[PDB]
Amino acid sequence: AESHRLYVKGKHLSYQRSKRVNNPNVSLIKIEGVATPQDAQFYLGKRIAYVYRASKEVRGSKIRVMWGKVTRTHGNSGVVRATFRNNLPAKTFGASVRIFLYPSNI
Amino acid sequence: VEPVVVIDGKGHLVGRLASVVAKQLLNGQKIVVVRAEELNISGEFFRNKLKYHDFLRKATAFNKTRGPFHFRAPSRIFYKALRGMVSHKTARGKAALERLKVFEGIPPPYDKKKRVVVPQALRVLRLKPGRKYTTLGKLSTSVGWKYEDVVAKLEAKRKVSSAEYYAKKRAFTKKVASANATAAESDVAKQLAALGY
Amino acid sequence: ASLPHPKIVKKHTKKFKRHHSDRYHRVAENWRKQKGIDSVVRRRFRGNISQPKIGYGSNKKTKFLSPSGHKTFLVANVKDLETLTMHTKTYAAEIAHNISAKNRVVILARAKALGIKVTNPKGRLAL
Amino acid sequence: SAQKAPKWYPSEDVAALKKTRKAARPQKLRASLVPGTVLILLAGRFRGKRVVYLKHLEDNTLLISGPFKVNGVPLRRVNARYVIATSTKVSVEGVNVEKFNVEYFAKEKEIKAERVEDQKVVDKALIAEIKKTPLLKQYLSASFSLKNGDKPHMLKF
RNA sequence: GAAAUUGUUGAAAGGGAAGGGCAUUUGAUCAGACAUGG
RNA sequence: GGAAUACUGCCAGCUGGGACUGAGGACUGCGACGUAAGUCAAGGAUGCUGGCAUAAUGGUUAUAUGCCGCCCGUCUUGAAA
RNA sequence: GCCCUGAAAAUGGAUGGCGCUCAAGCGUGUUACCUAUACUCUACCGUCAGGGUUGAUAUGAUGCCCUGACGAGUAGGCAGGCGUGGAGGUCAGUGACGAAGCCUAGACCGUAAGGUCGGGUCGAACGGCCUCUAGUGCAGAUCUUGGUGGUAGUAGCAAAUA
RNA sequence: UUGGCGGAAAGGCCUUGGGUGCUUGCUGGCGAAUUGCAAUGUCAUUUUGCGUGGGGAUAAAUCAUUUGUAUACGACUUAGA
């Protein structure tokens, strides 16, 4: 109980985009340990959270969370696509993100 | 999958190392590259020196001080290859970069910290045998880098220290693998083997 | 208090300001269609302001509703108010800007009696 | 008048719905959810806890045990999409479980005496089964987590 | 007693212009509710 | 000599995972399953549970971040010029 | 065939850049993958078309309802609308218990022209609807008249003895 | 706490000796619910202002004045208890 994590780590790389136009509506996530679209199929539909600090407390907390979910895979190397209730801020390209194991249809 | 990754520059091909190290920064991973002076470039030394001179001719004509800066140190020759592969003028660019350090030799904390290689940028895996190449240290020196010998001196001093260290290590790992031997074949050991351990 | 309506969808909630109304004081924000021969806005080059056009039109079904769900009706006095006697679930009253403070207390009491929503109570409210 | 008056006004009659065609058919749970099976809870208060599945209630949920004396989780509702089914499984033969249902949990602070006694009834039998297999108790007392290295899409459970 | 233009106060940004578009973080500000036995 | 397999194609063959949508508003239509009364996935979503109150949420606004965005008007085959 | 010679120009510099040598190069083959305002399916706005329906039965027949298709645009044509001075008619319209006007990174309606509201300031008149009427809508014209900036506390204020 | 080693940016490393908590090596006795079927539920490290108790320490630079090794003005360089 050194470890308590029940999510897989991921990184927020980019919005969906062509060379010169981006689409903030979809985000591209690289899930740790996932190297192929075949592997990434496991994570589709799972929930993600981006988790951040703020100065103003809300429900007596300075931690905040943006939720979303993995929607399809992306390209040939396990990258995955994700939509969020809001839209990841963009300063967060490179930030860590958390990919849960539910909804589980193990 | 590590807070900081430390790469041994040795036997690595600049551009391919630069390519991987740059993607690493843009994805959030801190990198420090050491031993930048034993980095290679493919194709023999005369061509690479020549190239560096073509780069030397470029300066702002009216004020050479505002025109391109020609960095001669191996670490910094590498930093140039990398920088060109990152949108270094945007905010996100500067952030990516700030996650990265380059050194000639391997200066302390890193000296007692593990280093990794990057196979897809490793020359011996990459260059076809017979193909001529260039040591970055030798190249720098010839275009004005001052500290080849200083870093050489420091490295041998370091390497002596590292040997002693590695020798204690091995000796210790003897005692362990020895004194293990008894437990190594014990009922618990047979159980672990049943589950692959 | 109001009928049912589907989700009110706006479509384009931002203003549409005249091109370069942010550039010279002389040029008011009020929409004005660019006519210039080279104009990037008129020719619609990526990157510039959108212009108003009919595709942005609101759903007939939700058009003119205020967030409460009622069309607003402007209302000068008690007789005016009472045209919405039957249509309580549908219109809400907004009292003219130029109605005196006391005549507002009267329209207000009466609205209340009749169950008619007032959109700008607290008119010239004393207190 | 401040404004002319509309010439129309809509009906204030609210209409009735169309006779909708959506019948409630029963949820058929995935093959691995079989009573007695150990579950890892993925979310909520007892996330991490490894728990014994007992019964599929009529509001789609899973009746869960623990047992309490083993890891502090009481008899409880859990949702099937927030669970991993391990392949490890205890027999659930000598365990009552008939009375437990939706209205059992119905919200009508304290803790009911029945709840506390049912916990002991169900647990005693479960613990008696759990013990016949070495390290099962301990297994269930211990929380689940991902270690560096784990790949969910690979691991067996 | 408008605008240009100006002083002071308050808030904010600013590594060779500023301004704009889509998007969201953060801060500020504003809403829509409306009723159930005591 | 007797097989198998590949390849290509067909099935009004059976199934798992993920994503967007849910327009309509009594009933009329075409059907399906039933021995039957009835049932239904058949001319557009329902059901069960929960969460929010000086709040969940939405509008606006400022700023940051990603990508993108040359000065309008004019004559002109051609204007950021 | 690839490669080498043949192969000389002026600021420093361009396979787009980095850099790449069993390529990240050249020829060829095979899969997978990324992505347009295009294609497919669905919602909504409008346009056009076809169709139904005041038969007695509350509130729009230039209406209501059903169905299919379609949407680029300079010069230019037509349509439906937004807004201004004044005029006939009407709301027995608003108003000194505050008209008009002005200010307001406050609110609401409209695709838009615009409309509406709150608060502040103000002081005498003003508006909606059906019509009528034009000296009726500005960014430009080295446009007119006025007013104001940066330039800038800058150029300067040094001939003629003190 | 006993020794040592580390200057490339050592600012860290190895060591000796006890003390103290824990020890899932192993065997027991208790506890956990109602946070109600997920949602906000582990606290990290930076600055900066204040609060207490201890140890500590007790200056200068600028303007003005002055030199002319200096100087368009600033700047430079001297001198003054």
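Rule-based calculations on the coordinates, nothing more; no lab input. A quick note on method: Cβ atoms are made from the backbone with ideal geometry, for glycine too, and the neighbour counts reach across all protein chains shown.
Checking every residue in the stretch A:20-27 against the condition of being of a type in the set (A, V, I, L, M), more than 23 Å from B:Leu26 (Cα to Cα) and more than 16 Å from RNA strand H (Cβ to nearest atom) gives zero matches. Of all residues in the stretch B:114-139, those satisfying the criterion of being in a loop (DSSP other than H, G, I, E, B) and over 17 Å from B:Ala18 (Cβ atoms) are B:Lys114, B:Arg115, B:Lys128, B:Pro129, B:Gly130, B:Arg131, B:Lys132. Among the residues making up the stretch C:1-29, none is under 30 Å from C:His87 (Cβ atoms), away from chain D (no Cβ under 14 Å), of a type in the set (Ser, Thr, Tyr) and surrounded by 10 or more Cβ atoms within 10 Å (Cβ to Cβ).
Pairs only if they're at least six apart or on different chains, beta carbon under 7 angstrom, first in the stretch D:75-90 and more than 8 Å from chain A (Cβ to nearest Cβ), second of a type in the set (D, E, K, R) and assigned to a strand (DSSP E or B); list them, first residue then second. So the pair list comes out empty. Within the stretch D:91-103, is even one residue within 14 Å of another protein chain (Cβ to nearest Cβ) and under 24 Å from D:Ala24 (Cβ atoms)? The answer is no, given that none of the residues of the stretch D:91-103 is within 14 Å of another protein chain (Cβ to nearest Cβ) and under 24 Å from D:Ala24 (Cβ atoms).
Looking only at residues of the stretch A:44-61 that are surrounded by 14 or more Cβ atoms within 10 Å (Cβ to Cβ) and charged (D, E, K, R), we find that the one that is farthest from RNA strand H (Cβ to nearest atom) is A:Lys46.
Within this structure, B:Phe69 passes the test of being of a type in the set (A, V, I, L, M, F, W, C) and assigned to a loop (DSSP other than H, G, I, E, B). The residue that is farthest from the other protein chains (Cβ to nearest Cβ), among those in the stretch A:15-31 that are closer than 29 Å to D:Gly48 by Cβ and of a type outside the set (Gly, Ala, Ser), is A:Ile29.
Within the stretch A:15-31, the set of residues being exposed (fewer than 13 other Cβ atoms within 10 Å of the Cβ) and touching a strand residue (DSSP E or B) at 6+ places or on another chain (Cβ under 8 Å) comprises A:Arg17, A:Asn23, A:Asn25. Can B:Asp111 be described as part of a helix (DSSP H, G or I), in contact with a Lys or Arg (Cβ under 7 Å, 6 or more places away or on another chain) and acidic (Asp, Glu)? Answer is yes for this residue.
All of (1) surrounded by 16 or more Cβ atoms within 10 Å (Cβ to Cβ); (2) polar (S, T, N, Q); (3) closer than 11 Å to A:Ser27 by Cβ hold for A:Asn86 with one exception: (1).
Here's the yes/no breakdown for (1) within 30 Å of D:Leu29 (Cα to Cα); (2) more than 8 Å from every other protein chain (Cβ to nearest Cβ); (3) surrounded by fewer than 14 Cβ atoms within 10 Å (Cβ to Cβ):
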{"residue": "A:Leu13", "(1), (2), (3)": "no, no, no"}
{"residue": "A:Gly33", "(1), (2), (3)": "yes, no, no"}
{"residue": "A:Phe42", "(1), (2), (3)": "yes, no, no"}
{"residue": "A:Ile63", "(1), (2), (3)": "no, yes, yes"}
{"residue": "A:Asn76", "(1), (2), (3)": "no, yes, yes"}
{"residue": "A:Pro103", "(1), (2), (3)": "yes, no, no"}
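Counting the residues of the stretch C:93-118 that are within 19 Å of the chain's Cα centre (by Cα) and of a type in the set (A, V, I, L, M, F, W, C) gives 5. Within the stretch B:92-120, restricting attention to residues that are within 16 Å of RNA strand E (Cβ to nearest atom) and under 19 Å from B:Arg76 (Cα atoms), the residue that is surrounded by the fewest Cβ atoms within 10 Å (Cβ to Cβ) is B:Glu98.
Residues in the stretch B:53-84 that are of a type in the set (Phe, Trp, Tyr) and surrounded by fewer than 17 Cβ atoms within 10 Å (Cβ to Cβ): B:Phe55, B:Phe62, B:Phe69, B:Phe71. Residues in the stretch C:48-95 that are at the interface with chain D (Cβ under 9 Å from one of its Cβ atoms), more than 16 Å from RNA strand E (Cβ to nearest atom) and hydroxyl-bearing (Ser, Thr, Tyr): C:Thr83 only. Just one of the numbered conditions (1) away from chain D (no Cβ under 14 Å); (2) away from RNA strand E (no atom under 16 Å from the Cβ) is not true of C:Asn98: (1). A search for C-beta distances below 6 Å between a residue of the stretch A:44-71 that is of a type in the set (A, V, I, L, M) and any residue that is within 16 Å of RNA strand G (Cβ to nearest atom) and outside any strand (DSSP E or B), counting only pairs 6+ apart in sequence or on different chains, returns A:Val70/A:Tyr43; A:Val70/A:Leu44.
With respect to (1) farther than 20 Å from B:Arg123 by Cα; (2) in a helix (DSSP H, G or I); (3) away from every other protein chain (no Cβ under 14 Å), the lone exception for B:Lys89 is condition (2). Determine, yes or no, whether D:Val102 is of a type in the set (A, V, I, L, M), within 12 Å of RNA strand F (Cβ to nearest atom) and touching an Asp or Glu at 6+ places or on another chain (Cβ under 9 Å). Yes: the conditions hold for D:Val102.
Entry remark, the stretch B:122-155: residues being under 14 Å from B:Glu44 (Cβ atoms), of a type in the set (A, V, I, L, M, F, W, C) and surrounded by fewer than 17 Cβ atoms within 10 Å (Cβ to Cβ) number 1 in total.
The C-beta contact set for the stretch C:14-41 (first residue of a type in the set (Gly, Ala, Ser), second residue more than 16 Å from RNA strand H (Cβ to nearest atom) and assigned to a loop (DSSP other than H, G, I, E, B), distance under 6 angstrom, 6+ apart or interchain) comprises C:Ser21/C:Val27; C:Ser21/C:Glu29. Among the residues of the stretch D:29-56, those that are assigned to a strand (DSSP E or B), surrounded by 21 or more Cβ atoms within 10 Å (Cβ to Cβ) and in contact with a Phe, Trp or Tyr (Cβ under 9 Å, 6 or more places away or on another chain) comprise D:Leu39, D:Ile40, D:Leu41, D:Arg50, D:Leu54.
Scanning the stretch B:6-54 for residues that are aliphatic (A, V, I, L, M) and within 14 Å of chain A (Cβ to nearest Cβ), which turns out farthest from B:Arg99 (Cα to Cα)? Among those that are aliphatic (A, V, I, L, M) and within 14 Å of chain A (Cβ to nearest Cβ), it is B:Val20. Among the residues of the stretch A:15-33, those that are among the polar types (S, T, N, Q) and more than 10 Å from RNA strand E (Cβ to nearest atom) comprise A:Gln16, A:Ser18. Among the residues of the stretch C:86-97, at least one is near RNA strand G (Cβ under 9 Å from one of its atoms), in a strand (DSSP E or B), within 22 Å of C:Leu125 (Cβ to Cβ) and not charged (D, E, K, R).
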